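> this one is an experimental structure. Sequence first:
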Amino acid sequence: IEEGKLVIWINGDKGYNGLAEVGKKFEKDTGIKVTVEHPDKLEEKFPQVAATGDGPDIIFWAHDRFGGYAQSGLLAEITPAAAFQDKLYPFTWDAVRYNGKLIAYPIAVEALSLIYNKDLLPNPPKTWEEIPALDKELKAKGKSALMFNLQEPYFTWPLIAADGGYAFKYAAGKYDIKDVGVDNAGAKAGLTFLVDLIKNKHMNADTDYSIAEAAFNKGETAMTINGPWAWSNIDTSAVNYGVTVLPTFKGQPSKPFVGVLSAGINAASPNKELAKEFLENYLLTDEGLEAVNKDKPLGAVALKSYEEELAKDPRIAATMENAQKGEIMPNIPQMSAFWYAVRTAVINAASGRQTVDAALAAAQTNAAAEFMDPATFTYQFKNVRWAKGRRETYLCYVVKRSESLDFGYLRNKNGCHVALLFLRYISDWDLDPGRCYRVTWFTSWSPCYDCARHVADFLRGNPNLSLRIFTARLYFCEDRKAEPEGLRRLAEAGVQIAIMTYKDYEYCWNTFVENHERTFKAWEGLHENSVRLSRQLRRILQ
DNA sequence: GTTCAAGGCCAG
DNA sequence: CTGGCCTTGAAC
Ligand SMILES: Nc1ccn([C@H]2C[C@H](O)[C@@H](COP(=O)(O)O)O2)c(=O)n1
Ligand SMILES: [Ca+2]
Ligand SMILES: [Zn+2]
């Protein structure tokens, strides 16, 4: 990666010609040549090229991915003067904050907003409470009052979070994975209001994104909840429409998930200061953001002055208002487990195949943290000799597909070994047998014969699951004849059986245990017993 | 008095 | 080496 040269990466849907002209101005004034590129899957390409000390100097992308980029140390820390931080809206600086330090510059803002038909509705409602009544008046003209993408949780969430609902609480630049406001009085209030809308068939509950877009754009529905990304379509449908504040539930504004288009600096770049100069003095200006805007819209912008210039468009003003009344979409990994655990919980509560409090309790306990005790982990997972005197078996699990879904741990309970309890857990949890899942195990004791048979059968029945088992110790009762054949039976079923090495103990120590920012402490004889036990295992399977 | 973590010795 | 078995210091 060169010095004195700036390489900028921006997605294809965002206007790169105006940004390129900004770079031409920067080269005109300074002499540093700027080259902008719009590759494909740059959100995928950037981590790999950046891990090698290569890639772009600056990367433009939504702020949520920048958290994953920040955990991998691929983003330099920025310390812009408070005089510059005052130039942008304050809540936009929270979307570029990761682990307590700024990793990117806020550029653009996106959020859900209410899109209504001006002809059918000259005065849109300001409250969800007015929606049923209105619908009954419009169901007589052959019209629906409101239809949106009830399947995905990004669209139904604003009404849920309007009253005391949230994903994870946020002390400064910090989220708390342990606390999830999915189960709450107000969250149940919003969800039950949604269910009261779908019971009366004000919304058929089968509505997806395209059904609601075809419905609204062909004049059928009077209102739909959507973002700027679809505006262009409604502009060619010849429909006269408007964008406005999302209605308020219980008098409280609904909270959509705000996405912040951001410009981050590659940590491997030698041109960090050149990048900060370009971004602070050329991009983040009225002239820079306007030059970018004329090519392709940015929606609302974080720069106060230019956002005031753009608010003359009532649509963009609505976008910024709903953004300020909403909440920043978190950038941490657990958010994935959130989406999934909510994506089902509303659907089950939508069709009526599960009651509200059950769906929301299961959703909260699903996407939430629970961590093991450090003394408990160290006691239960010690691979030594003289470890046969341990009764309880602990199992730390990870469910992924690459989307790392729920993780946690299970222990022994009333005769039910941990493997069977995980079979009941993953069975109560529904499955979509069109996509494979990759399940990882960390066990105190390896599976016994009954557990090997039950698990191997479960694997025969659900051939989309693929399991790997890391065990601390090898268990035998009636040594040398029962368990080795059971472990070979799991081997026949295609279960990757390894014995935990040191790196596995690090992974478990930093993944499943509540360590209190304490480094992992290996005991005496860990490696010796590990190669030991791995030798016995290689002797067993092969 | 009793239970347990830990370690070493010896015989296969 | 691997597995089986006693001793011990110290904690419940
Ligand atoms: N795959 C295995 C094998 C054994 N065990 C533990 C749990 C049981 O409590 C005990 C079974 O043996 P017993 O009940 O005879 O002690 O060993 C376990 O948790 N998981
Ligand atoms: Ca969990
Ligand atoms: Zn078992």
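Arrived safely. Numbers count the residues shown, from 1 in each chain, chains lettered A, B, ... in the order given. Ligands and ions are numbered 1, 2, ... in the order given.

> wait, isn't residue A:200 in contact with residue A:132?
Yes. Assessed by Cβ atoms under 8 Å, residue A:200 is found in contact with residue A:132 at 6.5 Å. (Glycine included, C-beta is placed from N, CA and C.)

> those two - which one has more neighbours?
When residue A:200 and residue A:132 are compared for neighbours, residue A:132 comes out ahead with 15 against 12, by other Cβ atoms under 10 Å.

> and the more buried one, what are its phi and psi?
Main-chain dihedrals, residue A:132, degrees, to the nearest 10: phi -60, psi -50.

> can you name the residue of chain A nearest to DNA strand B?
residue A:386 (4.8 Å; Cβ to the nearest atom of the strand).

> what about that residue, how many neighbours?
Neighbours of residue A:386 (other Cβ under 10 Å): 7.

> helix, strand, or coil at it?
coil (DSSP: H, G, I helix; E, B strand; the rest coil).

> got the phi/psi numbers for the residue nearest to residue A:370 when sequence neighbours are not counted?
Of all residues not flanking residue A:370 in the chain, residue A:408 sits nearest, at 5.6 Å (Cβ to Cβ, 6 or more residues apart in numbering). Main-chain dihedrals, residue A:408, degrees, to the nearest 10: phi 170, psi -160.

> partner residues bridging residue A:408?
residue A:397 (DSSP bridges).

> give me the three-state assignment for the residue in chain A that ligand 3 sits nearest to.
Using Cβ to the ion, the single residue of chain A nearest to ligand 3 is residue A:451, 3.0 Å away. Here residue A:451 takes the helix state, with states given by three-state DSSP.

> ok, now how distant is it from ligand 1?
Taking Cβ to the nearest ligand atom, to the nearest Å as the measure, residue A:451 falls 5 Å from ligand 1.

> tell me, how many neighbours does that residue end up with?
23.

> and stretch A:310-322, which residues are buried?
A:310-311, A:315-322 (16 or more other Cβ atoms under 10 Å).

> run through who's touching it.
A:109-114, A:227-228, A:231, A:242-246, A:254, A:256, A:293, A:299-301, A:307 (Cβ atoms under 8 Å, 6 or more residues apart in numbering).

> 7 Å instead, please
If you take Cβ atoms under 7 Å, 6 or more residues apart in numbering as the criterion, stretch A:310-322 is touched by A:109, A:111-113, A:228, A:231, A:242-246, A:256, A:299-301, A:307.

> these in strands, which ones?
A:109, A:113, A:242-244, A:300-301 (DSSP state E).

> which of those residues has the most neighbours?
That'd be residue A:300 among the ones in strands among the contacts of stretch A:310-322, by other Cβ under 10 Å, with 31 neighbours.

> report the beta-bridge partners for that residue.
residue A:109.

> do stretch A:474-490 and ligand 3 meet?
No. For stretch A:474-490, no contact with ligand 3 is found by Cβ under 5 Å from the ion; the gap never falls below 8.2 Å.

> ok, the residue of chain A closest to DNA strand B to residue A:376 distance?
Residue A:386 sits at a distance of 19 Å from residue A:376 (criterion: Cβ to Cβ, to the nearest Å).

> again, but for residue A:232
For residue A:232 relative to residue A:376 (Cβ to Cβ), the value is 56 Å.

> how about residue A:439?
According to Cβ to Cβ, residue A:439 and residue A:376 sit 23 Å apart.

> go on, residue A:87?
In terms of Cβ to Cβ, residue A:87 sits 50 Å off from residue A:376.

> ditto for residue A:431
Distance from residue A:431 to residue A:376, by Cβ to Cβ: 30 Å.

> neighbour-wise, which of these two wins?
residue A:376 (15 against 12).

> which residues does that one contact?
Going by Cβ under 7 Å, 6+ apart, the list of residues near residue A:376 is empty.

> what sits against residue A:240?
A:118-119.

> now it: how far from residue A:229?
20 Å.

> related to what we said a few turns ago, present the buried residues of stretch A:310-322 as CSV; the columns should include distance to residue A:536 and secondary structure.
Shown next, in CSV, are the buried residues of stretch A:310-322 (distance: Cβ to Cβ, whole Å; DSSP: H, G, I helix; E, B strand; the rest coil):
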residue, distance to residue A:536, secondary structure
A:310, 69, helix
A:311, 70, coil
A:315, 68, helix
A:316, 67, helix
A:317, 69, helix
A:318, 67, helix
A:319, 63, helix
A:320, 64, helix
A:321, 66, helix
A:322, 61, helix
